[PDB]
file work_21.pdb (PDB, C-alpha atoms and all ligand atoms)
ATOM      1  CA  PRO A   1     -36.591 -55.482 -55.741
ATOM      2  CA  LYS A   2     -37.589 -57.479 -52.670
ATOM      3  CA  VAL A   3     -37.370 -61.154 -53.608
ATOM      4  CA  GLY A   4     -38.116 -62.673 -50.216
ATOM      5  CA  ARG A   5     -34.626 -63.356 -48.814
ATOM      6  CA  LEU A   6     -34.561 -64.562 -45.207
ATOM      7  CA  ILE A   7     -32.307 -64.224 -42.181
ATOM      8  CA  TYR A   8     -31.152 -67.623 -40.918
ATOM      9  CA  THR A   9     -29.851 -68.208 -37.407
ATOM     10  CA  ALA A  10     -28.034 -71.479 -36.677
ATOM     11  CA  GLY A  11     -26.949 -73.035 -33.393
ATOM     12  CA  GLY A  12     -26.157 -70.761 -30.459
ATOM     13  CA  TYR A  13     -26.037 -71.135 -26.685
ATOM     14  CA  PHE A  14     -28.698 -71.256 -23.990
ATOM     15  CA  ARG A  15     -28.144 -73.532 -20.998
ATOM     16  CA  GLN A  16     -26.017 -75.402 -23.503
ATOM     17  CA  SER A  17     -25.001 -75.549 -27.139
ATOM     18  CA  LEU A  18     -28.074 -75.555 -29.394
ATOM     19  CA  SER A  19     -29.001 -77.239 -32.675
ATOM     20  CA  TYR A  20     -31.662 -74.782 -33.759
ATOM     21  CA  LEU A  21     -31.976 -73.502 -37.320
ATOM     22  CA  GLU A  22     -34.633 -70.839 -37.806
ATOM     23  CA  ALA A  23     -35.425 -68.340 -40.536
ATOM     24  CA  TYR A  24     -36.896 -64.866 -40.046
ATOM     25  CA  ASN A  25     -38.761 -62.891 -42.698
ATOM     26  CA  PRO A  26     -38.322 -59.137 -42.079
ATOM     27  CA  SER A  27     -41.203 -58.465 -44.487
ATOM     28  CA  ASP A  28     -43.982 -60.099 -42.459
ATOM     29  CA  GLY A  29     -42.067 -60.590 -39.217
ATOM     30  CA  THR A  30     -42.629 -64.356 -39.139
ATOM     31  CA  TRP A  31     -40.266 -67.104 -37.964
ATOM     32  CA  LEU A  32     -39.941 -70.637 -39.357
ATOM     33  CA  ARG A  33     -38.257 -73.554 -37.596
ATOM     34  CA  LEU A  34     -36.119 -75.630 -39.963
ATOM     35  CA  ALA A  35     -34.097 -78.849 -39.856
ATOM     36  CA  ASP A  36     -31.747 -79.124 -36.838
ATOM     37  CA  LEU A  37     -27.939 -79.220 -36.988
ATOM     38  CA  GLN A  38     -26.694 -82.807 -36.737
ATOM     39  CA  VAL A  39     -24.505 -81.667 -33.816
ATOM     40  CA  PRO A  40     -25.302 -78.847 -31.336
ATOM     41  CA  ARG A  41     -22.930 -75.888 -31.643
ATOM     42  CA  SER A  42     -22.284 -72.545 -30.006
ATOM     43  CA  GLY A  43     -19.572 -70.044 -30.961
ATOM     44  CA  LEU A  44     -19.814 -71.031 -34.616
ATOM     45  CA  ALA A  45     -19.984 -68.814 -37.660
ATOM     46  CA  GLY A  46     -22.505 -68.855 -40.457
ATOM     47  CA  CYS A  47     -22.235 -67.832 -44.097
ATOM     48  CA  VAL A  48     -23.822 -68.335 -47.479
ATOM     49  CA  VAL A  49     -22.226 -69.429 -50.734
ATOM     50  CA  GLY A  50     -24.123 -70.351 -53.879
ATOM     51  CA  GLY A  51     -27.484 -70.273 -52.129
ATOM     52  CA  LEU A  52     -26.294 -72.760 -49.517
ATOM     53  CA  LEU A  53     -25.937 -71.975 -45.811
ATOM     54  CA  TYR A  54     -22.772 -73.125 -44.034
ATOM     55  CA  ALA A  55     -22.217 -73.730 -40.299
ATOM     56  CA  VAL A  56     -18.529 -73.471 -39.393
ATOM     57  CA  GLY A  57     -16.565 -74.523 -36.323
ATOM     58  CA  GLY A  58     -17.898 -73.605 -32.922
ATOM     59  CA  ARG A  59     -18.245 -75.960 -29.985
ATOM     60  CA  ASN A  60     -20.631 -78.368 -28.322
ATOM     61  CA  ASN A  61     -20.851 -77.824 -24.585
ATOM     62  CA  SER A  62     -23.344 -79.477 -22.290
ATOM     63  CA  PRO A  63     -23.486 -81.812 -19.275
ATOM     64  CA  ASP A  64     -22.455 -84.408 -21.830
ATOM     65  CA  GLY A  65     -19.158 -82.602 -22.250
ATOM     66  CA  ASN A  66     -17.172 -79.918 -24.038
ATOM     67  CA  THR A  67     -15.808 -80.540 -27.502
ATOM     68  CA  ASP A  68     -14.446 -77.909 -29.869
ATOM     69  CA  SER A  69     -15.602 -78.314 -33.450
ATOM     70  CA  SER A  70     -13.628 -78.486 -36.677
ATOM     71  CA  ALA A  71     -16.814 -79.410 -38.577
ATOM     72  CA  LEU A  72     -18.333 -77.768 -41.632
ATOM     73  CA  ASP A  73     -21.926 -78.491 -42.570
ATOM     74  CA  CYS A  74     -23.965 -77.311 -45.560
ATOM     75  CA  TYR A  75     -27.730 -76.651 -45.337
ATOM     76  CA  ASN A  76     -29.803 -76.542 -48.520
ATOM     77  CA  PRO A  77     -32.857 -74.252 -48.098
ATOM     78  CA  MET A  78     -34.496 -76.003 -51.063
ATOM     79  CA  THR A  79     -34.307 -79.495 -49.546
ATOM     80  CA  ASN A  80     -34.280 -78.438 -45.877
ATOM     81  CA  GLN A  81     -31.434 -80.885 -45.312
ATOM     82  CA  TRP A  82     -27.975 -80.651 -43.742
ATOM     83  CA  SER A  83     -24.979 -82.396 -45.300
ATOM     84  CA  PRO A  84     -21.567 -82.974 -43.728
ATOM     85  CA  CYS A  85     -18.653 -81.342 -45.553
ATOM     86  CA  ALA A  86     -14.902 -81.773 -45.213
ATOM     87  CA  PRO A  87     -13.648 -80.734 -41.733
ATOM     88  CA  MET A  88     -11.098 -78.007 -41.009
ATOM     89  CA  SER A  89      -7.493 -78.825 -40.113
ATOM     90  CA  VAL A  90      -8.339 -77.893 -36.517
ATOM     91  CA  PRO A  91     -11.230 -77.318 -34.150
ATOM     92  CA  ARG A  92     -12.131 -73.629 -34.120
ATOM     93  CA  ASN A  93     -14.393 -72.354 -31.305
ATOM     94  CA  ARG A  94     -15.479 -68.702 -31.305
ATOM     95  CA  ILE A  95     -14.404 -68.569 -34.908
ATOM     96  CA  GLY A  96     -14.707 -65.782 -37.440
ATOM     97  CA  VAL A  97     -15.772 -66.416 -41.039
ATOM     98  CA  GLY A  98     -15.746 -64.492 -44.306
ATOM     99  CA  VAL A  99     -16.454 -65.293 -47.974
ATOM    100  CA  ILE A 100     -14.351 -64.293 -50.985
ATOM    101  CA  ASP A 101     -14.851 -65.582 -54.531
ATOM    102  CA  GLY A 102     -17.203 -68.286 -53.289
ATOM    103  CA  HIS A 103     -14.514 -69.542 -50.882
ATOM    104  CA  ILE A 104     -15.092 -69.815 -47.110
ATOM    105  CA  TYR A 105     -12.331 -68.393 -44.895
ATOM    106  CA  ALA A 106     -12.181 -69.743 -41.345
ATOM    107  CA  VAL A 107     -10.351 -67.250 -39.116
ATOM    108  CA  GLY A 108      -8.748 -67.749 -35.683
ATOM    109  CA  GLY A 109     -10.856 -69.371 -32.954
ATOM    110  CA  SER A 110      -9.604 -71.798 -30.303
ATOM    111  CA  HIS A 111      -9.046 -75.469 -29.512
ATOM    112  CA  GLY A 112      -8.494 -76.087 -25.823
ATOM    113  CA  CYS A 113      -6.092 -73.463 -24.487
ATOM    114  CA  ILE A 114      -4.726 -72.978 -28.007
ATOM    115  CA  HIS A 115      -5.571 -69.594 -29.553
ATOM    116  CA  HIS A 116      -5.348 -69.776 -33.363
ATOM    117  CA  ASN A 117      -3.773 -67.039 -35.435
ATOM    118  CA  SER A 118      -3.969 -69.509 -38.335
ATOM    119  CA  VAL A 119      -6.420 -69.235 -41.180
ATOM    120  CA  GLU A 120      -7.703 -71.780 -43.690
ATOM    121  CA  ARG A 121      -9.780 -71.605 -46.853
ATOM    122  CA  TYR A 122     -12.635 -73.886 -48.027
ATOM    123  CA  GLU A 123     -13.445 -74.516 -51.758
ATOM    124  CA  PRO A 124     -17.042 -75.813 -52.016
ATOM    125  CA  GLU A 125     -16.602 -77.255 -55.500
ATOM    126  CA  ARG A 126     -13.697 -79.382 -54.295
ATOM    127  CA  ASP A 127     -14.847 -79.903 -50.710
ATOM    128  CA  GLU A 128     -11.275 -79.187 -49.655
ATOM    129  CA  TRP A 129      -9.729 -76.988 -46.962
ATOM    130  CA  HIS A 130      -6.488 -75.067 -47.444
ATOM    131  CA  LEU A 131      -4.152 -73.337 -45.014
ATOM    132  CA  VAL A 132      -3.411 -69.741 -45.914
ATOM    133  CA  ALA A 133      -1.277 -67.053 -44.284
ATOM    134  CA  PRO A 134      -1.852 -66.735 -40.515
ATOM    135  CA  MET A 135      -2.999 -63.476 -38.921
ATOM    136  CA  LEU A 136      -0.449 -61.249 -37.212
ATOM    137  CA  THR A 137      -2.476 -61.725 -34.043
ATOM    138  CA  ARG A 138      -4.010 -64.741 -32.324
ATOM    139  CA  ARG A 139      -7.749 -64.073 -32.176
ATOM    140  CA  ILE A 140     -10.637 -66.017 -30.745
ATOM    141  CA  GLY A 141     -14.027 -64.340 -30.553
ATOM    142  CA  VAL A 142     -12.925 -62.441 -33.644
ATOM    143  CA  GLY A 143     -15.428 -60.711 -35.912
ATOM    144  CA  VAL A 144     -15.017 -60.943 -39.680
ATOM    145  CA  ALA A 145     -16.414 -59.078 -42.688
ATOM    146  CA  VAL A 146     -15.470 -58.786 -46.362
ATOM    147  CA  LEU A 147     -15.483 -55.699 -48.599
ATOM    148  CA  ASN A 148     -14.319 -55.653 -52.225
ATOM    149  CA  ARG A 149     -12.519 -58.984 -51.836
ATOM    150  CA  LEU A 150     -10.574 -57.830 -48.756
ATOM    151  CA  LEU A 151     -11.202 -59.616 -45.462
ATOM    152  CA  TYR A 152     -11.148 -57.873 -42.088
ATOM    153  CA  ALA A 153     -10.624 -59.623 -38.725
ATOM    154  CA  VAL A 154     -11.748 -57.365 -35.880
ATOM    155  CA  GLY A 155     -10.903 -57.597 -32.192
ATOM    156  CA  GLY A 156     -11.046 -60.801 -30.215
ATOM    157  CA  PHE A 157      -8.917 -62.338 -27.458
ATOM    158  CA  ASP A 158      -5.304 -63.443 -27.977
ATOM    159  CA  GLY A 159      -5.180 -65.729 -24.967
ATOM    160  CA  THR A 160      -3.845 -63.110 -22.572
ATOM    161  CA  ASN A 161      -5.502 -59.850 -23.520
ATOM    162  CA  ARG A 162      -8.654 -58.679 -25.273
ATOM    163  CA  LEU A 163      -7.945 -56.625 -28.403
ATOM    164  CA  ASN A 164      -9.092 -53.377 -29.871
ATOM    165  CA  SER A 165      -6.832 -54.116 -32.862
ATOM    166  CA  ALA A 166      -7.851 -55.284 -36.327
ATOM    167  CA  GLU A 167      -6.127 -56.477 -39.487
ATOM    168  CA  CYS A 168      -6.893 -56.930 -43.174
ATOM    169  CA  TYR A 169      -6.241 -59.982 -45.356
ATOM    170  CA  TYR A 170      -5.253 -59.591 -49.019
ATOM    171  CA  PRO A 171      -6.381 -62.893 -50.613
ATOM    172  CA  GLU A 172      -4.401 -62.702 -53.826
ATOM    173  CA  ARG A 173      -1.102 -61.768 -52.148
ATOM    174  CA  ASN A 174      -2.026 -63.994 -49.209
ATOM    175  CA  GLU A 175      -0.877 -61.530 -46.554
ATOM    176  CA  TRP A 176      -2.226 -59.803 -43.463
ATOM    177  CA  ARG A 177      -1.690 -56.177 -42.454
ATOM    178  CA  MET A 178      -2.701 -54.238 -39.391
ATOM    179  CA  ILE A 179      -5.275 -51.483 -39.809
ATOM    180  CA  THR A 180      -6.339 -48.654 -37.525
ATOM    181  CA  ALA A 181      -7.184 -49.980 -34.054
ATOM    182  CA  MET A 182     -10.761 -49.559 -32.793
ATOM    183  CA  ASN A 183     -11.736 -46.998 -30.174
ATOM    184  CA  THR A 184     -12.850 -49.815 -27.874
ATOM    185  CA  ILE A 185     -11.489 -53.222 -26.852
ATOM    186  CA  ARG A 186     -13.978 -55.763 -28.240
ATOM    187  CA  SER A 187     -14.244 -59.535 -28.109
ATOM    188  CA  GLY A 188     -17.266 -61.415 -29.443
ATOM    189  CA  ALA A 189     -18.511 -58.352 -31.272
ATOM    190  CA  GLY A 190     -20.887 -58.433 -34.170
ATOM    191  CA  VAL A 191     -18.904 -57.522 -37.295
ATOM    192  CA  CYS A 192     -20.427 -56.957 -40.740
ATOM    193  CA  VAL A 193     -20.088 -54.751 -43.805
ATOM    194  CA  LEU A 194     -22.567 -52.118 -44.970
ATOM    195  CA  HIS A 195     -21.733 -49.783 -47.820
ATOM    196  CA  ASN A 196     -18.106 -48.670 -47.350
ATOM    197  CA  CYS A 197     -17.787 -49.362 -43.610
ATOM    198  CA  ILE A 198     -16.994 -52.325 -41.383
ATOM    199  CA  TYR A 199     -19.240 -52.319 -38.313
ATOM    200  CA  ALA A 200     -18.122 -53.563 -34.887
ATOM    201  CA  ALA A 201     -21.234 -53.761 -32.716
ATOM    202  CA  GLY A 202     -21.192 -54.633 -29.034
ATOM    203  CA  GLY A 203     -18.785 -57.204 -27.680
ATOM    204  CA  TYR A 204     -16.995 -57.760 -24.369
ATOM    205  CA  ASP A 205     -14.225 -55.350 -23.380
ATOM    206  CA  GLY A 206     -12.902 -57.530 -20.561
ATOM    207  CA  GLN A 207     -15.197 -56.210 -17.826
ATOM    208  CA  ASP A 208     -18.554 -55.249 -19.330
ATOM    209  CA  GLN A 209     -20.769 -56.214 -22.260
ATOM    210  CA  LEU A 210     -20.953 -53.332 -24.755
ATOM    211  CA  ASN A 211     -23.882 -51.667 -26.474
ATOM    212  CA  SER A 212     -21.667 -49.125 -28.234
ATOM    213  CA  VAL A 213     -21.095 -49.532 -31.982
ATOM    214  CA  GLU A 214     -18.242 -48.176 -34.112
ATOM    215  CA  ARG A 215     -17.463 -48.470 -37.824
ATOM    216  CA  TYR A 216     -14.308 -48.403 -39.917
ATOM    217  CA  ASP A 217     -14.639 -46.482 -43.184
ATOM    218  CA  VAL A 218     -12.131 -48.131 -45.531
ATOM    219  CA  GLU A 219     -11.797 -44.885 -47.504
ATOM    220  CA  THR A 220     -10.921 -42.603 -44.570
ATOM    221  CA  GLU A 221      -9.309 -45.329 -42.471
ATOM    222  CA  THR A 222     -11.043 -44.080 -39.322
ATOM    223  CA  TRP A 223     -13.173 -45.793 -36.667
ATOM    224  CA  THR A 224     -16.284 -43.778 -35.834
ATOM    225  CA  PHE A 225     -18.972 -44.284 -33.171
ATOM    226  CA  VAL A 226     -22.530 -44.505 -34.445
ATOM    227  CA  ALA A 227     -25.757 -44.823 -32.450
ATOM    228  CA  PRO A 228     -25.498 -47.407 -29.633
ATOM    229  CA  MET A 229     -27.769 -50.444 -29.500
ATOM    230  CA  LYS A 230     -30.566 -50.609 -26.943
ATOM    231  CA  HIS A 231     -29.084 -53.744 -25.362
ATOM    232  CA  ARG A 232     -25.450 -54.328 -24.503
ATOM    233  CA  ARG A 233     -24.402 -57.607 -26.004
ATOM    234  CA  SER A 234     -21.544 -59.908 -26.730
ATOM    235  CA  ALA A 235     -21.624 -63.065 -28.889
ATOM    236  CA  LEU A 236     -24.434 -61.505 -30.915
ATOM    237  CA  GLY A 237     -25.503 -62.668 -34.319
ATOM    238  CA  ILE A 238     -25.257 -60.129 -37.099
ATOM    239  CA  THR A 239     -26.018 -59.707 -40.778
ATOM    240  CA  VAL A 240     -27.337 -57.314 -43.368
ATOM    241  CA  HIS A 241     -30.697 -57.541 -45.082
ATOM    242  CA  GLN A 242     -31.975 -55.089 -47.687
ATOM    243  CA  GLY A 243     -29.635 -52.270 -46.670
ATOM    244  CA  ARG A 244     -30.040 -52.571 -42.894
ATOM    245  CA  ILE A 245     -27.986 -54.208 -40.166
ATOM    246  CA  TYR A 246     -29.668 -56.797 -37.950
ATOM    247  CA  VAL A 247     -28.247 -57.976 -34.641
ATOM    248  CA  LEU A 248     -29.654 -61.151 -33.074
ATOM    249  CA  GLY A 249     -29.533 -62.139 -29.398
ATOM    250  CA  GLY A 250     -26.242 -62.212 -27.502
ATOM    251  CA  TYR A 251     -25.382 -61.987 -23.800
ATOM    252  CA  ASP A 252     -25.879 -58.698 -21.917
ATOM    253  CA  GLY A 253     -24.011 -59.793 -18.786
ATOM    254  CA  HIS A 254     -27.263 -60.887 -17.121
ATOM    255  CA  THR A 255     -29.613 -62.378 -19.709
ATOM    256  CA  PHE A 256     -29.400 -64.291 -22.954
ATOM    257  CA  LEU A 257     -31.320 -61.887 -25.171
ATOM    258  CA  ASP A 258     -34.087 -62.873 -27.553
ATOM    259  CA  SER A 259     -34.085 -59.305 -28.839
ATOM    260  CA  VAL A 260     -33.515 -58.411 -32.461
ATOM    261  CA  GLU A 261     -32.469 -54.850 -33.266
ATOM    262  CA  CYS A 262     -32.297 -53.180 -36.687
ATOM    263  CA  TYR A 263     -29.933 -50.378 -37.684
ATOM    264  CA  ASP A 264     -30.962 -47.779 -40.272
ATOM    265  CA  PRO A 265     -27.783 -45.999 -41.436
ATOM    266  CA  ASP A 266     -29.756 -43.157 -43.035
ATOM    267  CA  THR A 267     -31.280 -42.132 -39.697
ATOM    268  CA  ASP A 268     -28.497 -43.649 -37.574
ATOM    269  CA  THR A 269     -31.053 -45.337 -35.337
ATOM    270  CA  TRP A 270     -31.559 -48.825 -33.904
ATOM    271  CA  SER A 271     -35.020 -50.205 -33.198
ATOM    272  CA  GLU A 272     -36.365 -53.502 -31.960
ATOM    273  CA  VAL A 273     -38.184 -55.221 -34.811
ATOM    274  CA  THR A 274     -38.758 -58.714 -33.407
ATOM    275  CA  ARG A 275     -37.757 -61.383 -30.914
ATOM    276  CA  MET A 276     -36.233 -64.800 -31.407
ATOM    277  CA  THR A 277     -38.312 -67.773 -30.340
ATOM    278  CA  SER A 278     -35.897 -67.996 -27.399
ATOM    279  CA  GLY A 279     -32.916 -66.036 -26.102
ATOM    280  CA  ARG A 280     -29.424 -67.183 -27.102
ATOM    281  CA  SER A 281     -25.861 -66.118 -27.813
ATOM    282  CA  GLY A 282     -23.046 -67.369 -30.070
ATOM    283  CA  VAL A 283     -25.280 -68.085 -33.104
ATOM    284  CA  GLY A 284     -24.289 -68.251 -36.725
ATOM    285  CA  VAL A 285     -26.271 -65.932 -38.914
ATOM    286  CA  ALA A 286     -26.556 -65.469 -42.661
ATOM    287  CA  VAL A 287     -28.975 -64.224 -45.323
ATOM    288  CA  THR A 288     -30.342 -65.930 -48.407
TER     289      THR A 288
HETATM  290  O1  LIG A 301     -14.606 -64.635 -25.725
HETATM  291  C1  LIG A 301     -15.217 -63.548 -25.613
HETATM  292  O2  LIG A 301     -14.724 -62.510 -25.129
HETATM  293  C2  LIG A 301     -16.666 -63.491 -26.105
HETATM  294  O3  LIG A 301     -17.250 -64.791 -25.943
HETATM  295  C3  LIG A 301     -17.767 -65.237 -27.120
HETATM  296  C4  LIG A 301     -17.220 -64.832 -28.332
HETATM  297  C5  LIG A 301     -17.736 -65.320 -29.527
HETATM  298  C6  LIG A 301     -18.800 -66.213 -29.512
HETATM  299  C7  LIG A 301     -19.350 -66.617 -28.298
HETATM  300  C8  LIG A 301     -20.520 -67.602 -28.270
HETATM  301  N1  LIG A 301     -20.814 -67.935 -26.869
HETATM  302  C9  LIG A 301     -20.672 -69.167 -26.388
HETATM  303  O4  LIG A 301     -20.318 -70.103 -27.102
HETATM  304  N2  LIG A 301     -20.956 -69.326 -25.097
HETATM  305  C10 LIG A 301     -20.835 -70.506 -24.494
HETATM  306  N3  LIG A 301     -20.373 -71.623 -25.046
HETATM  307  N4  LIG A 301     -20.316 -72.503 -24.185
HETATM  308  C11 LIG A 301     -20.735 -72.027 -23.013
HETATM  309  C12 LIG A 301     -20.772 -72.656 -21.774
HETATM  310  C13 LIG A 301     -21.144 -72.149 -20.602
HETATM  311  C14 LIG A 301     -20.994 -73.092 -19.674
HETATM  312  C15 LIG A 301     -20.529 -74.199 -20.249
HETATM  313  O5  LIG A 301     -20.380 -73.951 -21.588
HETATM  314  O6  LIG A 301     -21.098 -70.722 -23.174
HETATM  315  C16 LIG A 301     -18.836 -66.128 -27.105
END
call {"tool": "encode", "arguments": {"input": "work_21.pdb", "output": "structure tokens"}}
result
Amino acid sequence: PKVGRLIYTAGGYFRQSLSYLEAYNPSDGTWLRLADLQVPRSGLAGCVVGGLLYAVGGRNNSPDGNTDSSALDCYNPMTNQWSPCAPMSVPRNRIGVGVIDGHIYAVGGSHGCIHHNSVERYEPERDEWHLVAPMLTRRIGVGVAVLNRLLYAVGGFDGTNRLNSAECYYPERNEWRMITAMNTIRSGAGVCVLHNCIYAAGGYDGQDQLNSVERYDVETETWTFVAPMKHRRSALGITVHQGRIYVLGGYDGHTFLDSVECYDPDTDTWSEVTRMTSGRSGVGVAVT
């Protein structure tokens, strides 16, 4: 049943790091501007736990300077208010985030010229962060998705090279293990889960922005190309709403897109369903 869930987009980058928090309703195609982040942020990740939206890491860059963010903030849709939470052990720009058992996992990202392979876990009910096992690879601009309590970190940049590799995190054993490498090198790709596959849409391969999209079926352990998006894009927002994948904005190598595309896995098609109120990349996106 359709209960009215919305797609939230937080922060992002256009001309500088943005504060913006907006919600889109796929049912009527309307947008609603909500309370601003207390601190502008691009390259952050967004996620939802217990009906609350969380903005994680990222960075604030403008003429007033460049500062990587270790912050965690919690937005309550019911009160339309942001609340500061406990910060991570380190600033994490171009971070990847995933949720398991109501816990927020902050993966990789960077702080200055430091490229994190480290990972830490946040427990809402205790407002406390905890270091877990580090990834086998240093990854900033990594994409993250979770399927059946297993977390996947896809692609990114290790400081020297851009990766087509990916790895899986086993939360209860607290380990990481490499999985099949993608067909394409991708950093800043949109990564999400839909049914039994992890999608890796767009990204930057080191020379061009990508509009190609491939998915990893956890059952067959293979990476498969599906239909390409209309726009190439890296640093795109991505989420799933009522069985379909939605990609928001990103950079196509020329413009900061306002375009929103929707992927229908049954017909293996993407189509443009709306536009953001303004183009932007590096947003955090989540559904509730
Ligand atoms: O590193 C990559 O290959 C892809 O770049 C990514 C990856 C993941 C998220 C993002 C979000 N983009 C982003 O934060 N862009 C941005 N942030 N600060 C700036 C900026 C530009 C000039 C001064 O500051 O541009 C980019």
call {"tool": "closest_atom_pairs", "arguments": {"input": "work_21.pdb", "of": "chain A", "to": "ligand LIG 301 (chain A)", "cutoff": "6 Å", "atoms": "only C-alpha atoms and all ligand atoms", "output": "JSON lines"}}
result
{"residue": "A:13", "atom": "CA", "partner": "A:LIG301", "partner_atom": "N2", "distance": 5.6}
{"residue": "A:42", "atom": "CA", "partner": "A:LIG301", "partner_atom": "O4", "distance": 4.3}
{"residue": "A:43", "atom": "CA", "partner": "A:LIG301", "partner_atom": "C8", "distance": 3.8}
{"residue": "A:61", "atom": "CA", "partner": "A:LIG301", "partner_atom": "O5", "distance": 4.9}
{"residue": "A:94", "atom": "CA", "partner": "A:LIG301", "partner_atom": "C5", "distance": 4.4}
{"residue": "A:141", "atom": "CA", "partner": "A:LIG301", "partner_atom": "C4", "distance": 3.9}
{"residue": "A:187", "atom": "CA", "partner": "A:LIG301", "partner_atom": "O2", "distance": 4.2}
{"residue": "A:188", "atom": "CA", "partner": "A:LIG301", "partner_atom": "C4", "distance": 3.6}
{"residue": "A:204", "atom": "CA", "partner": "A:LIG301", "partner_atom": "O2", "distance": 5.3}
{"residue": "A:235", "atom": "CA", "partner": "A:LIG301", "partner_atom": "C7", "distance": 4.3}
{"residue": "A:281", "atom": "CA", "partner": "A:LIG301", "partner_atom": "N1", "distance": 5.4}
{"residue": "A:282", "atom": "CA", "partner": "A:LIG301", "partner_atom": "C8", "distance": 3.1}
call {"tool": "resolve_selection", "arguments": {"input": "work_21.pdb", "expression": "the PyMOL selection byres (((chain A and resi 255) around 10) and not hetatm)", "output": "PyMOL selection string"}}
result
chain A and resi 14+233+249-254+256-258+279-281
call {"tool": "resolve_selection", "arguments": {"input": "work_21.pdb", "expression": "the PyMOL selection byres (((chain A and resi 97) around 6) and not hetatm)", "output": "list in words"}}
result
residues 45, 96, 98, 105, 106, 107 and 144 of chain A
call {"tool": "closest_residue", "arguments": {"input": "work_21.pdb", "among": "A:283, A:182, A:26, A:244", "to": "residue 224 (chain A)", "atoms": "only C-alpha atoms"}}
result
A:182
call {"tool": "closest_residue", "arguments": {"input": "work_21.pdb", "among": "A:277, A:83, A:17, A:117", "to": "residue 156 (chain A)", "atoms": "only C-alpha atoms"}}
result
A:117
call {"tool": "resolve_selection", "arguments": {"input": "work_21.pdb", "expression": "the PyMOL selection byres (((chain A and resi 81) around 12) and not hetatm)", "output": "ChimeraX atom specification"}}
result
/A:21,34-38,52-54,73-80,82-84
call {"tool": "closest_residue", "arguments": {"input": "work_21.pdb", "among": "A:68, A:18, A:151, A:11", "to": "residue 55 (chain A)", "atoms": "only C-alpha atoms"}}
result
A:11
call {"tool": "atom_distance", "arguments": {"input": "work_21.pdb", "atom1": "CA of residue 181 (chain A)", "atom2": "CA of residue 164 (chain A)"}}
result
5.7 Å
call {"tool": "residues_near_point", "arguments": {"input": "work_21.pdb", "point": "(-15.3, -60.1, -51.0)", "cutoff": "10 Å", "atoms": "only C-alpha atoms", "output": "list in words"}}
result
residues 98, 99, 100, 101, 102, 103, 145, 146, 147, 148, 149, 150, 151 and 171 of chain A
call {"tool": "residues_around", "arguments": {"input": "work_21.pdb", "residues": "residue 87 (chain A)", "least_positions_apart": "2", "cutoff": "7 Å", "atoms": "only C-alpha atoms", "output": "PyMOL selection string"}}
result
chain A and resi 70-72+85+89
call {"tool": "closest_residue", "arguments": {"input": "work_21.pdb", "among": "A:211, A:160, A:274, A:93", "to": "residue 29 (chain A)", "atoms": "all atoms listed in the file"}}
result
A:274
call {"tool": "atom_distance", "arguments": {"input": "work_21.pdb", "atom1": "CA of residue 286 (chain A)", "atom2": "CA of residue 247 (chain A)"}}
result
11.1 Å
call {"tool": "atom_distance", "arguments": {"input": "work_21.pdb", "atom1": "CA of residue 126 (chain A)", "atom2": "CA of residue 104 (chain A)"}}
result
12.0 Å
call {"tool": "axis_aligned_box", "arguments": {"input": "work_21.pdb", "around": "region 159-167 of chain A", "padding_each_side": "8 Å", "output": "JSON"}}
result
{"center_x": -6.5, "center_y": -59.6, "center_z": -31.0, "size_x": 21.2, "size_y": 28.4, "size_z": 32.9}
call {"tool": "residues_around", "arguments": {"input": "work_21.pdb", "residues": "residue 226 (chain A)", "least_positions_apart": "3", "cutoff": "12 Å", "atoms": "only C-alpha atoms", "output": "PDB file with C-alpha atoms, in the frame of the given file"}}
result
ATOM      1  CA  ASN A 183     -11.736 -46.998 -30.174  1.00  0.00           C
ATOM      2  CA  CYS A 197     -17.787 -49.362 -43.610  1.00  0.00           C
ATOM      3  CA  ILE A 198     -16.994 -52.325 -41.383  1.00  0.00           C
ATOM      4  CA  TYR A 199     -19.240 -52.319 -38.313  1.00  0.00           C
ATOM      5  CA  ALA A 200     -18.122 -53.563 -34.887  1.00  0.00           C
ATOM      6  CA  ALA A 201     -21.234 -53.761 -32.716  1.00  0.00           C
ATOM      7  CA  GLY A 202     -21.192 -54.633 -29.034  1.00  0.00           C
ATOM      8  CA  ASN A 211     -23.882 -51.667 -26.474  1.00  0.00           C
ATOM      9  CA  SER A 212     -21.667 -49.125 -28.234  1.00  0.00           C
ATOM     10  CA  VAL A 213     -21.095 -49.532 -31.982  1.00  0.00           C
ATOM     11  CA  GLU A 214     -18.242 -48.176 -34.112  1.00  0.00           C
ATOM     12  CA  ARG A 215     -17.463 -48.470 -37.824  1.00  0.00           C
ATOM     13  CA  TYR A 216     -14.308 -48.403 -39.917  1.00  0.00           C
ATOM     14  CA  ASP A 217     -14.639 -46.482 -43.184  1.00  0.00           C
ATOM     15  CA  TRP A 223     -13.173 -45.793 -36.667  1.00  0.00           C
ATOM     16  CA  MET A 229     -27.769 -50.444 -29.500  1.00  0.00           C
ATOM     17  CA  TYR A 263     -29.933 -50.378 -37.684  1.00  0.00           C
ATOM     18  CA  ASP A 264     -30.962 -47.779 -40.272  1.00  0.00           C
ATOM     19  CA  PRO A 265     -27.783 -45.999 -41.436  1.00  0.00           C
ATOM     20  CA  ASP A 266     -29.756 -43.157 -43.035  1.00  0.00           C
ATOM     21  CA  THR A 267     -31.280 -42.132 -39.697  1.00  0.00           C
ATOM     22  CA  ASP A 268     -28.497 -43.649 -37.574  1.00  0.00           C
ATOM     23  CA  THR A 269     -31.053 -45.337 -35.337  1.00  0.00           C
ATOM     24  CA  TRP A 270     -31.559 -48.825 -33.904  1.00  0.00           C
TER      25      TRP A 270
END
call {"tool": "residues_around", "arguments": {"input": "work_21.pdb", "residues": "residue 241 (chain A)", "least_positions_apart": "6", "cutoff": "10 Å", "atoms": "only C-alpha atoms", "output": "list in words"}}
result
residues 5, 6, 7, 25, 26, 194, 262, 286, 287 and 288 of chain A
